[PDB]
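As written, the chains take the letters A, B, C, D and E, and residue 1 is the first residue of each chain.
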């Protein structure tokens, strides 16, 4: 989350932490990534591996 | 020269499975919350409970192939009774002031718990431990 | 041979002679107090009711050296009880010895009974020296060295006694300036002791070395000749210490003096090694203070902070102002060389605590200097590396520091000339004060821009949703 | 008689040793080579 | 040089003499009792 400060990337790990908060296009990109991850989770959990086995 | 120095009192000595190796646990006299778990060779540096040990950690013995030391040269190890050389394989930057350093002296393991200020300089690839008693 | 005899007797089931145990304990006195005490206990168990006064006294002394106060006291009580069975010829001497030992144990526990027994024995035997030495020493502790006449009289009584001379020299070193005596008077006394009584006494040699080092340190340096004379005095002190080491290489104080001389000679590494070895050997307040000083000279400010903290906690118990001053100086050095604000905050808090303990002009100036450095560093910091709260605290500290600078300039004998104090206050108020306000305005603008971005993003997100 | 019967556990020079003595012979040698022999 | 005020004085002061309790020599620490004990039949 690039809007809430305490739910963002830690500032000591990135050089550019100053000009990250408040950006909306980068938040759009991050939201697209997270939606892709959620879709992958749903696809794996409901179709491929119903019993939840994750070591393949 | 030396990256850490303190004096420890041995609380427990555990021989356990082995015959030539002992686990010793010590806490610093000048500063609690500093712990030392260590493997030592019994036959060369035997220790007993409630002993006082002067532990020093250095990144070099000065004042690549190993050679038997000439009697003429002098190094930092001349002042101590037990010197080991190992590699640091974990530097746990833990909680607010809880730092753990794991060092393996060829399979003989050491863990050093302490505050960040004391163990800040111990972020090295290899360390010598020098024990005096 | 005694161990072989013990083993043979044990194998033969024959009564082991306790005299062998006493001989073994006597030998182990100089090697292992633990083994000697164990052998003495075995001999006492063999004797049973045949225990003598000497065995009980030695057991009590062993436990006293082992800090076993209860067991030592019990053994001394048993020795006093057995004193009733002593032969009349040696009864007086053994009673005097046991009373002296009991008085020593009291002096450990309670000085009043020790002084009472000291008076009792002094009336019983005025010729004894250790009793008089301890009694006069306790009186000097109670009287803050107001019994110099008693010390001089005791010195006159036993001019050949090394203990009396050493105690008199210690009293001189303690209160020479209080008594207004000659600076070299103790030097002449120790020189006479060495030349005419014993030239191998390490006590007088160390005293002379300390005196010579003090003379060299106080000597003003103007050219090469004066520095060479200072080096010659240090060489005399070093020769005293080297003779002491030749007498005994296990002398911590000789090495400490050597390290101090090296510190005067800027040989920091040797002094650091010596101080580390000394700390490994013995742990007192002076060793920790010297270690902190060496770390400050070695630019290891964190280790200096640790050493000063340990010195404060272990011995001074957080009461001495000088250790707090040293901690504040070390914190300021760390903050200056490492550009750390938290070091400045801790130094400021330590200085404030020390001042509230003392309220002296020196600590007032220290607080002012810390606040000025804090304001300068905060102004030098970028906006992204600071916040409004730090700016406000720095500005308030700057105002208070200017007021205290004026207060110091109004004093009689300020630590620094009042003109310098007023000039520094004016310089801080003229430019630094306005730069602080400019930094505050820039920080406020930066925060406002951040909040504007944060409030603008959410509206567009809601519009998209 | 008191002096004859009196014995002191530790010597005047050895009082700094006590139960745990340590050696500064290397320190003495370094002092000789670097103070008395200092150039 | 208007800076932090601090005084440095190394502490190497010798302690006062301890005057510890004196050990008492055994009876077998004297030459005559030694002679009597060794010459026993």
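Simple rule for what comes next: a contact is a pair of C-beta atoms (placed from the backbone, for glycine too) under 8 Å apart; a residue touches a chain by one contact, two chains touch by 3 or more.
Shared contacts of chain A and chain E, meaning chains that touch the two of them, come down to C.
Of the two chain pairs examined here, C-D and C-E, it is C-E that is joined by more C-beta pairs in contact.
Taking each chain's centre as the mean of its C-alpha atoms, chain A lies 43 Å from chain B. Separation between the centroids of chain A and chain D, computed from CA atoms only, is 71 Å. Centre to centre, using the average C-alpha position, chain B and chain C are separated by 29 Å. Centre to centre, using the average C-alpha position, chain D and chain E are separated by 12 Å. In chain D, the residues that reach two or more other chains under the touch definition are 5-6, 9.
For chain C, the set of residues touching two or more other chains reads 29, 61, 94, 97, 203, 253, 277, 280.
Pairwise, the chains that touch each other are A-C, B-C, C-D, C-E, D-E.
Across the interface of their complex, chain C is touched by residues 1-2, 5-6, 9, 12-14, 16-17, 19-25, 27-28, 30-32, 34-36 of chain D. On chain E, the positions that touch chain C within their shared complex are 2-8, 10-14, 16-17, 19-29, 37.
Looking at the complex, you find that chain C touches chain D at residues 29, 33, 61, 65, 90, 93-94, 96-97, 128, 162, 201-203, 235, 238-239, 241-242, 245-255, 258, 261, 267, 270, 274, 277, 280-281. The touching residues of chain B, when paired with chain C in their complex, are 5, 7, 30-31, 54, 79, 117-118, 120, 132. Residues 4-10, 15 of chain D are the ones touching chain E in the complex.
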